[PDB]
Structure formats: structure tokens, C-alpha cells
């Protein structure tokens, strides 16, 4: 995942992303995720968190904060406040 530290490199992994998945590469790459080349499995370049089974309306940033709240990339991009709220702390 060192190769995956840039937005451009992440975007390139979605070459063979299945077109039927209802979440788009741009939103995934922007939230830190790259395609691992099987089904709809993606991983974060920073925290190595894996996500799959994307559904219509899923928001990669929200899912990042839901499952991997301590990710430093996530915190730097969205802030600890956003992460806390996703985690149900106000």
C-alpha cells in the first residue's frame, strides 16, 4: 500500500471495478481506498482497513469513520469531530 499513498495511484486500481457496484471510484479513492482486485473489496492505504459489500447510498467517508475511527488519514482529512459524531459521541 506504499504504492497507494497518492489519489492518482488509488484511482488507477479501479480499472476493473465492476460497473454494477453502486459506489463510484472517485468517492472511494478520495476517502483513501483502493481496489484489491476481487469482488468489491477495497482497503485504506493508511490504516489498511478493508471494506466490501457496498450498497446504494453508502458514503465512503462515513464508512471509514464507522469501522476505522483511529485512521490518521481519516482524522487529517475530516477531523476528530466528524469521527466522534459518526461514533455516536457528541
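Residue numbers count along the first chain shown, from 1.
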| item | value |
| --- | --- |
| Of 11-19 and 69-77, the stretch whose C-alpha atoms average the higher B-factor in the entry | 11-19 |
| Which of 80-88 and 1-9 has higher mean CA B factor, as the PDB entry lists it | 1-9 |
| Residue with highest C-alpha B-factor in the PDB entry, from 53, 62, 44, 28 | 53 |
| Residue 32, C-alpha B-factor rank within chain (lowest, middle or highest third) | lowest |
